[PDB]
Structures are given as C-alpha cells and as structure tokens.
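Asker: Got a structure here, written out as structure tokens. Questions coming.
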Number of protein chains: 2
Amino acid sequence: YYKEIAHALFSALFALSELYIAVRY
Amino acid sequence: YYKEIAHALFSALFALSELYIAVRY
C-alpha cells in the first residue's frame, strides 16, 4: 500500500519541478 | 515555449491525481 504512495509522491514532486522549470525558463 | 508548459502542466495534474487515488484508496 505504501509502495504506491511513494512512486506517486515522487512522480508528483518531479512533475511539479519540470513545470517550475517550464515557467521560469 | 508554450508547448513545454502544456505537457508539464498536464503531467503535474495527472501525477497529483494518482497521488490522490493512492491516498484515499
């Protein structure tokens, strides 16, 4: 159950990071 | 420039959606 929380929590943070990069640069 | 904003904005929202699913279920 918690394995699914990981990959989702990290895919989210990573996706949000690319968006930040997309905005400023 | 705006093409990179799309795929990022949608990958983010999708990633956040899976996390929501991961939490409640």
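Asker: Residue pairs, Cβ under 9 Å, 6 or more apart or interchain, first in chain B and more than 19 Å from A:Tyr20 (Cα to Cα), second loosely packed, with under 11 Cβ neighbours inside 10 Å. List them.
Answerer: Final answer for the pair search is B:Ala22/A:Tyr1; B:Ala22/A:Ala6.
Asker: Then there is this: Please go through the range B:9-25 and pick out each residue that is at the interface with chain A (Cβ under 7 Å from one of its Cβ atoms) and of a type in the set (S, T, N, Q).
Answerer: Correct list: B:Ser11 only.
We place every Cβ from the backbone using ideal geometry, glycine too, and count neighbours over all the protein chains shown. A short reminder: the numbers here are calculations on the coordinates, not readings from a lab.
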